[PDB]
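I would like to see how this sequence folds:
(3 chains)
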Amino acid sequence: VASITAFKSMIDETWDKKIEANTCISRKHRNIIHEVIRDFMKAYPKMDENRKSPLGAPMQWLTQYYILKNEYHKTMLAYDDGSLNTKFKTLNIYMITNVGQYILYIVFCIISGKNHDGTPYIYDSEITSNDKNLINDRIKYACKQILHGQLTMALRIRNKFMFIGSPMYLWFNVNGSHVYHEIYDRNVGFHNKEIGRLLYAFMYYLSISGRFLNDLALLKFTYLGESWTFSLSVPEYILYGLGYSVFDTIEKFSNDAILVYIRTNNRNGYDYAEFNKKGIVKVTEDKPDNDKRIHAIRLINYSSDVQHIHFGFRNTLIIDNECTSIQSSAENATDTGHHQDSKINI
Amino acid sequence: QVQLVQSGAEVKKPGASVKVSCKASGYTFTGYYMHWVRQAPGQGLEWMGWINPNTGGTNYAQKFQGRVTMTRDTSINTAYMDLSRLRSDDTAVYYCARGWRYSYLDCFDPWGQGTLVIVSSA
Amino acid sequence: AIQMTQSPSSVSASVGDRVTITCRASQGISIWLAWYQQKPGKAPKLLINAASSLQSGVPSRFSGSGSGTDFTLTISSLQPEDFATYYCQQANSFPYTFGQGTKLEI
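Numbers count the residues shown, from 1 in each chain, chains lettered A, B, ... in the order given. Below, you will see the structure:
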């Protein structure tokens, strides 16, 4: 209910802010969106045994049979006389010119299990279908359609840092490399440095690091049966888009030291907890407010190549609050300001 | 030295409730998970759940669901476990086990002293 | 629940021998296995975490190995203070199920 209230407040406050050049979504609004997605996942975690997917696909968050049974979706659609639902019906891909419209459209399409065209992600008659190609194509098409639509809006309104990442359940057996080489093969404009940089950073990282890395994994997440293995440093945008939080279950497979950023402090810095032992790590610290919650993990090791070592820098591992100071490209990346940071597990 | 002093042995009756305390010293009570593992006489170890002292959240086992209420009082660094509807098979040495490292929900070290809760009708 | 089964339930040995304890899991539990040591009348003591890492204070004679559903605890040279009951502990899936126990006797 608190997440829905925060969502309403964000939509009401950002309904007139026009999407312009060098605009970005604030940390508070990103945390609100993240909490909405997490509560939508948590409302119906598992699936009923009567209608179960033999492939292990998360049908409980993609099928209309489970969306309409989800109580969080019903409460979101009937919070205040369907005011959010009424505004949603007058929004499409080629008409959005405001930040609140962008957020409402993307989040409501995610939580209702519908694409931007209007079709559901996976139909109710294909829950128990054993055809792997059909379900895989549907999931990949849903994720690619979300990312494409965001990049199309980025090209049309000439914005640079608008980013609502596809959640973790829309990456079931979906190759990140294929997504990058299918979205950026056409629309060469997408390659411009002034159009869609955060989406480019999100897709490039998932094209070089797969969901499962077998024995090369140095870190693993787990949230309601969805897992993801990381070998490099995990920036804030990756965890924000995928939907994982630093307060979830984290499994260390190596003795390399990690820096789990949890929250911001009053000295314009970030507070982190350091772990350098094998085991299951779950941060005991209290969850901060939506304006002070940061999800980023940095691997302090030298085994990673210099080709992708720029992801571990402080100014790019955590998205800057100022829109013009957001660093996403490898060339524009700095590691400064560790004096402002602090340690919480002393 | 990390110490976990527990309460004395309690001779309860069937259908009653037992509250086993666990006082911690030598380490920061918040930040380390407190687990509760019992050992029946002549049997192995059974896991009951963990309690996070900093937040207050808990995760009980399905076998001990609806009967265990793990509370904490951070003013005395004391951990409390309450077990209701004591049957005859609940007689065991209830240990409180701190996590082996800071916010590590993997292994238990140390294990405290233990409380011999004897549930009998004698 | 992932049941843990320990094969050598009673392993007689002498001072200066090599003892092997095997703990097989019903389902894959990754590298998340913890070995304990419980002398009679005392609380259990952790000796090896993550199935290959020795805890601080544990003598170097203990050495663990294994992955998936096969694990092994090895004592290079047995000592008179190593006669106790040893337990496994998986942590991949809740609840954390222990083992039956293996006891060393002279």
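
please, where are all the helices along chain B?
Remark: no helices are assigned in chain B by DSSP state H.

nearest spatial neighbour of the residue nearest to the spatial centre of chain C, skipping sequence neighbours?
The residue lying closest to the centre of chain C (Cα atoms, centre = their mean) is residue C:35, at 3.8 Å. Closest residue to residue C:35 apart from its sequence neighbours, by Cβ to Cβ, 6 or more residues apart in numbering or on different chains: residue C:48 at 4.4 Å. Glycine gets a C-beta too; all of them are placed from N, C-alpha and C.

count of neighbours near the one you found?
Residue C:48 has 22 neighbours, counted by other Cβ atoms under 10 Å in any protein chain shown.

quick revisit: ok, the residue nearest to the centre of chain C - contacts?
Contacts were defined as Cβ atoms under 8 Å, 6 or more residues apart in numbering or on different chains; by that measure residue C:35 touches C:21, C:23, C:46, C:47, C:48, C:62, C:64, C:73, C:86, C:87, C:88, C:89.

any idea which of the residues you listed is closest to residue A:245?
Residue A:245 has its nearest neighbour among the contacts of residue C:35 in residue C:89, at 26.6 Å by Cβ to Cβ.

so what's residue A:114 up against?
A:120, A:121.

contacts only, for residue C:80.
Residue C:80 sits next to residue C:15 when contact means Cβ under 8 Å, 6+ apart.

one more: residue A:235?
Counting by Cβ under 8 Å, 6+ apart, residue A:235 makes contact with A:201, A:205, A:296, A:311, A:316, A:317, A:318, A:319.

equivalent analysis for residue A:199, please.
A:147, A:150, A:151, A:154, A:163.

and it, how close does it get to residue A:20?
17 Å (Cβ to Cβ, to the nearest Å).

same question for residue C:67.
According to Cβ to Cβ, residue C:67 and residue A:20 sit 53 Å apart.

before we move on, what about residue A:280?
Distance from residue A:280 to residue A:20, by Cβ to Cβ: 44 Å.

adding distance to residue B:87, neighbour count and secondary structure, write the contacts of residue A:199 out as JSON lines.
As requested, those are exported to JSON lines (distance: Cβ to Cβ, whole Å; neighbours: other Cβ atoms under 10 Å in any protein chain shown; DSSP: H, G, I helix; E, B strand; the rest coil):
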{"residue": "A:147", "distance to residue B:87": "56", "neighbour count": "24", "secondary structure": "helix"}
{"residue": "A:150", "distance to residue B:87": "58", "neighbour count": "24", "secondary structure": "helix"}
{"residue": "A:151", "distance to residue B:87": "62", "neighbour count": "21", "secondary structure": "helix"}
{"residue": "A:154", "distance to residue B:87": "63", "neighbour count": "25", "secondary structure": "helix"}
{"residue": "A:163", "distance to residue B:87": "55", "neighbour count": "26", "secondary structure": "coil"}
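
would JSON lines of these with distance to residue A:63 be doable?
Converted to JSON lines, these look like this (distance: Cβ to Cβ, whole Å):
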{"residue": "A:147", "distance to residue A:63": "21"}
{"residue": "A:150", "distance to residue A:63": "23"}
{"residue": "A:151", "distance to residue A:63": "27"}
{"residue": "A:154", "distance to residue A:63": "30"}
{"residue": "A:163", "distance to residue A:63": "26"}
